[PDB]
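Encoded as structure tokens, the following chain is the form deposited in one PDB entry, with no partner shown.
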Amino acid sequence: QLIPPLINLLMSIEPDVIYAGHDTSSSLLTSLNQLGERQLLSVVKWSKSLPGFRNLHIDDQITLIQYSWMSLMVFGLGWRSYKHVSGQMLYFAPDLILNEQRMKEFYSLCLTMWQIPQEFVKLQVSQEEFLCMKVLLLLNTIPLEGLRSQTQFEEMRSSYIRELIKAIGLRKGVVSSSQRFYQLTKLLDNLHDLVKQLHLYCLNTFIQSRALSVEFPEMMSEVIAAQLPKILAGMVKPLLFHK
């Protein structure tokens, strides 16, 4: 068993393929919102089997899923684009793949999201590294006052940091593996800035949804309404690997 047990578990609990259910701006945005609803459901289900997560206070579980909703979607988009289209298209779902031609306005945000699959291609991120990084992304922001289950949270983060180091070790050399840890963790740090612009665009679109004729499903609407205003206002503590 060359592949470490926890990485193998993460492989098995990965979501199955998620379809958007999918051509104008409002219809494209509505289809992306419909995908976002299904992605949110899949993340909550995933979190139920994620080792360590269910042992956190339920308030912290909800908070962490809501905080990391956008980040986990765009990180998953990065993987699928990388895997299916060599990072040269945005593979939101099998029934929703976007190239330049299908971006007209929104295009600017698509270009910034596009930076992630490009870094995956550049770094040649392995599935084992991706799966550990994904868990760290879920645990990458906390409230200003911390979590109720802070001690449990810290231990879990450390466990998946240690697992990421194992993941890197699968493919030699103390200097190189140390350099690769910096690169992958700096990628995660850099996502905070990218997701800020995605959060802002989302909240703006949510506010103007009636005028734009864009439907926002109920579960993802609650995340947007409940959390994005205070996240954008800076009422959370982003965690960073590098100061």
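So that there is no doubt, residue numbering starts at 1 and follows the sequence shown. Between two forms, the rigid core is the largest collection of C-alphas that superpose within 1.5 Å.
Although it is not shown, the form deposited with a partner chain bound is what the next lines describe.
Only one of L184, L194, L28, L40 lies close to the partner chain in the deposited bound form, with a heavy atom inside 4.5 Å, and it is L40.
The listed set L188, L50, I65, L32 contains one residue whose heavy atoms approach the partner chain in the deposited bound form to within 4.5 Å, identified as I65. Contact annotation for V175: none of its heavy atoms lies within 4.5 Å of the partner chain in the deposited bound form.
Highlighted residues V85, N99 and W114: none comes within 4.5 Å of the partner chain in the deposited bound form, counting any heavy atom. Once you line up the core between this form and the one not shown, the Cα of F206 ends up 2 Å or more from where it was.
With the core held fixed between this form and the one not shown, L232 has its Cα displaced by at least 2 Å.
CA of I231 to CA of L200: closer by 3 Å or more in the deposited bound form than in the shown form. Between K230 and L198, the C-alpha separation shrinks by 3 Å or more in the deposited bound form, relative to the conformation displayed.
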